[PDB]
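The residues making up each chain are set out below.
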Amino acid sequence: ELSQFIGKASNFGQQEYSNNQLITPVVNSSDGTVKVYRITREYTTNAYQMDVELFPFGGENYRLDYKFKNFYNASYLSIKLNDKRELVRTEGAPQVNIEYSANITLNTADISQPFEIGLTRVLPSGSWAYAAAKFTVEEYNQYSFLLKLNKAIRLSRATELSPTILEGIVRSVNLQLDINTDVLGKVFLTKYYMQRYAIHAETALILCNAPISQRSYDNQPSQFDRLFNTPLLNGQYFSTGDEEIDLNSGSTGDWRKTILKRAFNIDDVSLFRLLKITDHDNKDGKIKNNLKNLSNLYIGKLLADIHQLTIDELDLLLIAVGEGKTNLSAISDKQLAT
Amino acid sequence: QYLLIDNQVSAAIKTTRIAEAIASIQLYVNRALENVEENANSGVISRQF
Amino acid sequence: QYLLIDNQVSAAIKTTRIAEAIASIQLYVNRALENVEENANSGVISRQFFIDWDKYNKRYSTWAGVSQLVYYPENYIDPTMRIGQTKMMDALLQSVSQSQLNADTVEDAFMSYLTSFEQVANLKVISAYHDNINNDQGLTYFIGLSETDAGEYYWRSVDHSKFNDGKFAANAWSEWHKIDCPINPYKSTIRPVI
Amino acid sequence: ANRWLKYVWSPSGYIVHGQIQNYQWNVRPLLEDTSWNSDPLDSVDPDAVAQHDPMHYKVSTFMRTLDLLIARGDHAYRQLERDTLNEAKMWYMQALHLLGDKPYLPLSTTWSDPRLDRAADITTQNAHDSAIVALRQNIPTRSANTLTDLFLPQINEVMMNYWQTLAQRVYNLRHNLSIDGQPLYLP
Amino acid sequence: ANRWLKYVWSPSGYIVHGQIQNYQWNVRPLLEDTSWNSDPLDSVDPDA
Amino acid sequence: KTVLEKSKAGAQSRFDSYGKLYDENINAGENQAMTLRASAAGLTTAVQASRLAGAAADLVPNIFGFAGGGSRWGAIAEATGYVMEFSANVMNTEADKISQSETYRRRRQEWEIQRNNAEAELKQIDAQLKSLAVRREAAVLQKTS
Amino acid sequence: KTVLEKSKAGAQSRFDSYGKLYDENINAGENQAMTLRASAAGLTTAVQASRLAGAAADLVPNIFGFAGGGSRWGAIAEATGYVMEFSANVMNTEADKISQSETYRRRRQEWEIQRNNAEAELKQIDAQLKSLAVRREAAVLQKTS
Amino acid sequence: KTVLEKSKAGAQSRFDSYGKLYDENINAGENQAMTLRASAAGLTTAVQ
Amino acid sequence: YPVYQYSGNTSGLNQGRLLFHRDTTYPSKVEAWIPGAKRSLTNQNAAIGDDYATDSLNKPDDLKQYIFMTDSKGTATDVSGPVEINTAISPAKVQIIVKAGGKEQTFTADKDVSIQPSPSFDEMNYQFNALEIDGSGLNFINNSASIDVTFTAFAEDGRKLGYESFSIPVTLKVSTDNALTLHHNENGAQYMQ
Amino acid sequence: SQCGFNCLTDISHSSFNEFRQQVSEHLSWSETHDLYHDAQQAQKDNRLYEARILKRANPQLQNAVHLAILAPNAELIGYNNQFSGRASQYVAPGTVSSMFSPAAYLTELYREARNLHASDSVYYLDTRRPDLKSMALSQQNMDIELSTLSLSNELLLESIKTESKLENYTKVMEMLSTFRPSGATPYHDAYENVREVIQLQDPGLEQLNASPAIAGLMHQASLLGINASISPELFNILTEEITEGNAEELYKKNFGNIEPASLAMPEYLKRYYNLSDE
Amino acid sequence: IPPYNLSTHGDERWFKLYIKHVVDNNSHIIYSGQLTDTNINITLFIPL
């Protein structure tokens, strides 16, 4: 239980990622200062064939450990912060299950934004294979951290919810990692949603307007990867936020549409109606592909599903309530609860 | 172990006062004799009791 | 047979990776040893591992057993049977192997073991023999006498090779053995020989 | 059976000429370790290893004392009277303080998930054997990275089993449940 | 039971003085056929 | 209902019986038989001491003075011979003693099994009574209807 | 439902008991008793050697010097005689030992059977529970009606 | 129906067990015990 | 488990050195802080079994004050009741005491120990050539009396190191007795006088 | 390497046959036997020392009251220095990191077994399944249930994509759908996917029987493709017409290099087509 | 016996002590042990 909040600790000061969350204290013998570092890891592709970890050693100075699983015969490997700049580069073709560490520097502007460390390996022909992770890095005064962890623990004990679930709630609701009255109210909405419906916490979240979480914890595959990519086509769904996906009633589309279809268990038609419930302003069946659109679509399908409703019946009830025309889109958490 | 009475019992467990006192002292003696408490009067341990 | 994994299995058969590798290498070893595969290093076959293969190393449970025995012997040891134990030990165990074990019954079986102990405790070493040519190597044999109106003779053996550090190992010492042959030599004319 | 176990080991069961004395084991060879067996690893015999150093015999005694304790507690608990249930508690508590607090454990280890390739490397093995004999003869005071792929020591299943069985009989005691775990309370 | 069969027949169960040896059967008379019984058909005997 | 009650009584007489039987595992007489075999199996010490004294005394000259002893030469062998036979039977009695013991234990065990068969049964029958009582209530309401 | 459930528990106390009895086929005591029979059954050898020593030593002259040996002539025959009787008894013990063993085996066999009879039952019963639960739904629906 | 089928399974498992027990009338061990008693019972001639 | 060493017969070179024993397995740094002194003796990466935090600014006066010892990581202890002990054992101080009769008798170690042992914590063995002890008295109770012998030692600081009391049994054959006599009589009854 | 050194005695641990082969010149069998026996005794003394240290470091024992067991800090400090602490960190049972774990058993199994053959030889373990060397000993690999027959396919596909040098496992399935010369091929993974989904969702094809307006669209010949496995390349194979003019090239299409005399042999037909003899 | 010396243990820490002129003028080994700080009290029996 304690290992859920804080990353597991050895007898030596060595500390590791557990539940894709690292908690390590940094003391500077120069400043005589105590500063608390926290990192969050969320895998883009694939979480298999890939492992990237980030350890914060000092200010703007971090150590990166990456282990490759599965084999690629490569002319070179490049670890890149975003497409530019590259962080580390190796001429050797990397090998199966061997931990490589390269020391790295990351800026105060690279820290503010949730960044993506992307590992690209290149052979002459392919030309490349890609795998990447998205990191969240937080600096905390020791008192401020212990306090925030204290309220976090007391809340997880009382509410019987996972630390990760609560964190999803807080982040979706408020300014990051602040426990507010609004946050508590949403915790209660979640508890009643899963109380009155057969649903788990992670589903109650998206019923409470939170995004689908790409985090993996408790040896469970991420809600996202579990949602779309449970079997493989084979391709890992990218969630680029750059790929147009054709959800028109009258269309056959990318492997991506098929992905949505299994993810929601729906034919093309009902999928279109569902889209129309997400956004009534969407003139063509085009999707931005970002996590946000998927979260909206799934919000809709789940609204149809917690009640014994086909998408049609959902559409109709929405008109008869009648909230529809109102669209899921971006909608007030209050309005979504209404 | 210190207070000699369990604070983790179910709400519904019934023990008469004299007996729970009895079991308490039974643990005191059991812990003291096998030397779990720091020290004890080597004089009293030798007693016929 | 070649690839070490069955290609005719049912869809629904569960074996973890580490375990499947294990069974695989097991089929390799078994086919290699019993010489169905063409040839193998007679040098590596002689290794202590493959010597202990048939009894201890085919089976995972047996390997875990042997490996654990060095560290945690307490798990395996029991007061009932110790191999090898004295004959008088068996006697104790049989006297005391009942459903009803009154304290009196047990103390009596104990005195009976003590009496059986007193005969061996007190032996008189009559004579000896040494198997080897010279003192430095070999094992010495002794003969002993039991204080009794008629003669009972017990013989124990010591290994000399175990006298490593200037003291006898006590591994070297062998339990005394009763002798069935009817012997009546005077005065002390008896000697044992190899 | 407790009188007879007492003939080997007794916590403060030893009073002679009217006073308690320094020995916890009445059997002396356990007090100063006695290599009753040299070269025990010759044949596969669990007795012989303990004969090699009495630590193991001393512990086997310990475990048998535990065995008697939990046996008394069980036979007590099965009587199912508010008094004999407290007795069962007292026995189980004796076993508990005889063991001490449960053993702690480190969450993550020096073990790093290794390629089996390197885990089975004969180089690492020769280095290992070598550092062992070096430690055996006090000679010193590649090699730096290879000692990582070695496996760690594990607590014996049996002792852990005992901590656990005491724990379950306590859990079953504190709630109304029987030893088996069926509730004494009617729903 | 495997040890006891081994005293009669063994695939590569035979190591003495540290090397495997040419015999698959430890019982020699099987190795070179030995007419331990001549005229077996006198009585109907599978052993004979 | 009275049918069920009487069957309940029957099963419970069985539970009482196998309960009382399992409670006194070994009868006084039975304990005496076993400990008797223990007693006869012992005393090997005595028959060895006696047969040996006999051998030593029969190795000294019987006859005097003009002609020698006539002491029986094989007497040691012979006492050993007796000690062999009597050892064998001791072992047999010990075996039987132990065997006797085991029977009683296994018997106890069987009784235990049967006690449970009774216990469970009288719970079963008991539960059945509840079921029957429920239908009673029901049929009562039927008359009311 | 509670009725069937109590019957289930009972059938399972049986399956568990006969299961555990079948698992420990031969008790420590039982094996020790049997090995006792093996031990008493052995030692034919020692009693042949000793009785023979008695014959040989009692074939040499007892008495000296003026009057002859008086050596018992038929001593050999007599030793052969003892060796005969001890043979018969040895045989009986081995037979008895074998028989003892076999009894235990047949017992296990009986136990095996009974374990299955227990098991089949708790499968049978278990299936009945589903049947009852199905009827439950039916009556539930009847109420709905 | 499945209840009845499981009872059939039980009845037939028993029939198979008592069948095989009845078919094996006397075990090898049992046969040796019996002929042991026969052999020890004989040999009057020798002791006479 | 702390103990503070002084400059003394075997000291180098400091007037002080701070010794401690630590049960915990993992490697760690051990710190000793004093309120009275306002300064702390430190050991960095102290060894597993036993170790010393050498004393800079060594003053015996300071380690009398309350001492707080702790692991930076996880372990804590407050040290109380310091006491100064001198292991020095003077043979004049080492004793044997004997009780028989009504007069106590005394035997010092310096005088009666012919060869006395090298000073060792492990063990020290004293052999006394012989001791003469008076008889009659003690007076016997029921033809039996015992000789009390008490082994004792005093360290130099003024503490007894331990004692073990012994008894030597004496039973005197008594002259004024007639050998106890068993009899048979004409009337058949048999008695013991 | 003379004469009688400590690391010399350690490193000599190996079968008497290897030892006797290398030291053939130098030693006289009295020295070979004594040296090897003293080597085993040294090996055993080493395991004993190690096991004594590791055992007395057991955290269960330290908690035990009145269980006076001498834990010699002397050897422990040196041990925890020369090995990064192993007496320090004790692993709970069933874990991969345990010395007694099935992981370690697999490790020794491999370590002693790969040398069983020459790397030259076919049956060399590392040659026949490279899967083994690269594989990781992680608690996920040891603990998580995984499906066999899917492991079988991982190997088959990997070996084919390495040999036929195709980019993806997918391309391997394409190659699998074109391949006419092997028996029990052309296999068409996509096709089997279609066929099975159809036969599942509409068992017995009743709606296809129910709505003949749709059924009339497809020809019966391709409809046979639903109930029985007939890949499109296989349809192509049955359909093509045969004249003696075609016979040669059509033999080259339908069959690999094997000449008619090879194929006509009955046992070869049996092996080739997975056919029962009957 | 005193703790560590004359030099550091190198080459070897161990010490062995012998008896001589008892029955044989050649030295004979009575004790073999590892040298350890700080003090060692050893009592042996010596024949004359």
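Residues numbered from 1 in each chain as written, not as in the entry; some residues may be left out. Chains lettered and ligands numbered in written order. Part of a larger assembly, values for the part shown. Heavy atoms only, no water.

- By the naming in the PDB entry, chain C is TcdA1, taken from Photorhabdus luminescens.

- As annotated in the PDB entry, chain A carries the name TcdA1 and is attributed to Photorhabdus luminescens.

Digging into helix α5 (residues 181-196) of chain A
All names here are of chain A.
Piece 1. Between the first and last C-alpha of α5 there are 23 Å, a value that for 16 residues agrees with the 22 Å anticipated at 1.5 Å per step.
Piece 2. Of all the residues in α5, the buried ones are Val 183, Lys 186, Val 187, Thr 190, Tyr 193 and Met 194. Take α5 and look down its axis: the buried residues cluster within an arc of 125°, on one side only. Seen from the open side of α5, the exposed residues pointing more than 90 degrees away from its buried face are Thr 181, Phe 188, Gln 195 and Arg 196.
Piece 3. Those residues of α5 that are buried are in contact with α3 (142-159), α4 (163-173), α6 (201-207) and α12 (333-337). (Helix = DSSP H or I, 4+ residues; strand = E, 2+ residues; numbered from the N terminus. Expected span 1.5 Å × (residues − 1). Buried < 20%, exposed > 50% of the residue type's maximum accessible area, 1.4 Å probe, protein only. Arc of directions from axis to C-beta. Contact = heavy atoms within 4.5 Å.)

Describing the interface of chain J and chain D
Piece 1. Listed as interface residues are 67 residues of chain J and, on the opposing side, 66 residues of chain D.
Piece 2. Buried surface at the junction of chain J and chain D, both sides included, amounts to about 5,800 Å², of which 62% is carbon and sulfur.
Piece 3. Inspection of the chain J/chain D interface yields 2 salt bridges.
Piece 4. Residue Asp 33 of chain D pairs with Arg 56 of chain J through a salt bridge whose shortest N-O separation is 2.9 Å.
Piece 5. Connecting chain J to chain D are 22 residue pairs in polar contact. (Buried area = accessible area lost by both parts, 1.4 Å probe. Salt bridge = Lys/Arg side-chain N within 4 Å of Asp/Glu carboxyl O. Polar contact = N/O pair within 3.5 Å; in protein donor to acceptor, adjacent residues only side chain to side chain.)

Here we look at the pairing of strand β6 (residues 86-90) of chain A
Residues and elements named next belong to chain A.
Piece 1. Relative to β6, strand β5 (residues 76-80) runs antiparallel, the two being bridged by 4 bridges. Residue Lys 80 lies in a different strand from β6, and its bridge partner there is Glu 86.
Piece 2. In this antiparallel pair of consecutive strands, β5 and β6, the connection spans 5 residues. (Pairing = 2+ DSSP bridges.)

Digging into the environment of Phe 50 of chain C
Piece 1. As for its placement among the helices and strands, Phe 50 of chain C is situated in helix α3 (residues 48-51).
Piece 2. For the pair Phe 50 of chain C and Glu 118 of chain C, spaced 68 residues apart in sequence, the C-alpha to C-alpha distance is 47 Å.
Piece 3. Apart from the residues within four sequence positions on either side, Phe 50 of chain C is in contact with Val 29, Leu 33, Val 44 and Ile 45 of chain C together with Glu 112, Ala 113 and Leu 116 of chain J.

Observations concerning the packing of helix α7 (residues 122-137) of chain D against helix α5 (residues 73-82) of chain J
Piece 1. In contact at an axis separation of 10 Å, α7 of chain D and α5 of chain J are set at 150° when each is read in the N-to-C sense. When the axis of α7 of chain D is compared with that of α5 of chain J, the two are roughly antiparallel. For the pair α7 of chain D and α5 of chain J, the crossing hand works out as right-handed. Here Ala 131, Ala 134 and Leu 135 of chain D of α7 of chain D lie close against α5 of chain J, whose contacting residues are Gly 78, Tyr 79 and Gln 82 of chain J.
Piece 2. Across the contact of α7 of chain D with α5 of chain J, the residue classes tally to 4 nonpolar, 2 polar and no charged. (Axes fitted to C-alpha atoms, helices over the stretch in contact; angles between N-to-C directions. Parallel < 35°, antiparallel > 145°, perpendicular 65-115°, else oblique. Left-handed = near helix turned anticlockwise from the far one by under 90°. Nonpolar A, V, L, I, M, F, W, Y, C, P; charged D, E, K, R; others polar.)

A few points about the interface of chain A and chain J
Piece 1. With 6 residues of chain A at the interface, the matching set in chain J holds 8 residues.
Piece 2. Regarding the contact of chain A and chain J, the summed buried area is about 470 Å², with carbon and sulfur atoms giving 32% of it.
Piece 3. Summed over the shared surface of chain A and chain J, the number is 0 salt bridges.
Piece 4. Linking chain A with chain J are 1 residue pair in polar contact.

Some points on the nonpolar core
Piece 1. Among the nonpolar cores identified, the biggest contains 60 residues, and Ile 25 and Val 29 of chain C together with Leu 116 of chain J are the most heavily contacted of them.
Piece 2. Among the elements that line this core, the one with the most residues is helix α1 (residues 17-33) of chain C, at 8 residues.
Piece 3. Counting 56 residues, the second largest nonpolar core, distinct from the first, contains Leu 205, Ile 212, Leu 247 and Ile 306 of chain A. (Core = buried A, V, L, I, M, F, W, Y, C linked by side-chain atoms within 4.5 Å.)

Things to note about a nonpolar patch on the surface
Residue and element names in this part refer to chain E.
Piece 1. On the surface, a nonpolar cluster with roughly 530 Å² of combined accessible area is contributed by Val 8, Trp 9, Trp 25, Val 27, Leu 30 and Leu 31.
Piece 2. Secondary-structure assignment places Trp 25 in the loop between β2 (19-20) and α2 (28-31).
Piece 3. Accessibility expressed as a relative area gives 37% for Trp 25, which makes it partly exposed. (Patch = residues over 30% accessible without salt bridge, like charges linked within 9 Å, V, L, I, M, F, W, Y side chains within 5 Å. Areas by Shrake-Rupley, 256 points an atom, 1.4 Å probe, with all protein chains shown as cover.)

Brief notes about the packing of aromatic side chains
Piece 1. If you walk through the whole model with that rule in mind, you get 44 aromatic pairs over all chains.
Piece 2. Judged by centre distance (4.6 Å) and plane angle (75°), the ring pair of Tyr 272 of chain J and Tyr 273 of chain J falls under edge-to-face.
Piece 3. A relative accessible area of 37% means that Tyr 273 of chain J is categorised as partly exposed.
Piece 4. Joined through ring pairs, the aromatic side chains of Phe 224, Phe 228, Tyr 237, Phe 264 and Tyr 298 of chain A make up one cluster.
Piece 5. In this structure, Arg 86 of chain J packs its charged tip against the face of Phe 83 of chain J, placed 5.9 Å from the ring centre. (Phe/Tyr/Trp six-rings, centres within 6.5 Å; stacked < 30°, edge-to-face > 60°. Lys NZ or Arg CZ within 6 Å of the ring centre and 35° of its normal.)

Observations concerning unusual backbone geometry
Piece 1. The residue after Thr 45 of chain A, namely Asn 46 of chain A, is reached through a cis peptide bond having omega 5°.
Piece 2. Within the fold, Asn 46 of chain A resides in the loop between β2 (33-45) and β3 (51-58).
Piece 3. Residue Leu 13 of chain I follows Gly 12 of chain I across a cis peptide bond; omega there is -10°.
Piece 4. Its place among the elements puts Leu 13 of chain I in the loop between β1 (2-6) and β2 (16-21).
Piece 5. Phi is positive for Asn 45 of chain I, which is not a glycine, with a value near 50°.
Piece 6. Residue position: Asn 45 of chain I is located in strand β4 (residues 40-46).
Piece 7. With phi around 70°, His 21 of chain K is a residue other than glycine that occupies positive phi space.
Piece 8. Mapped onto the secondary structure, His 21 of chain K falls in the loop between β1 (15-19) and β2 (28-33).
Piece 9. A relative accessible area of 53% places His 21 of chain K in the exposed class.

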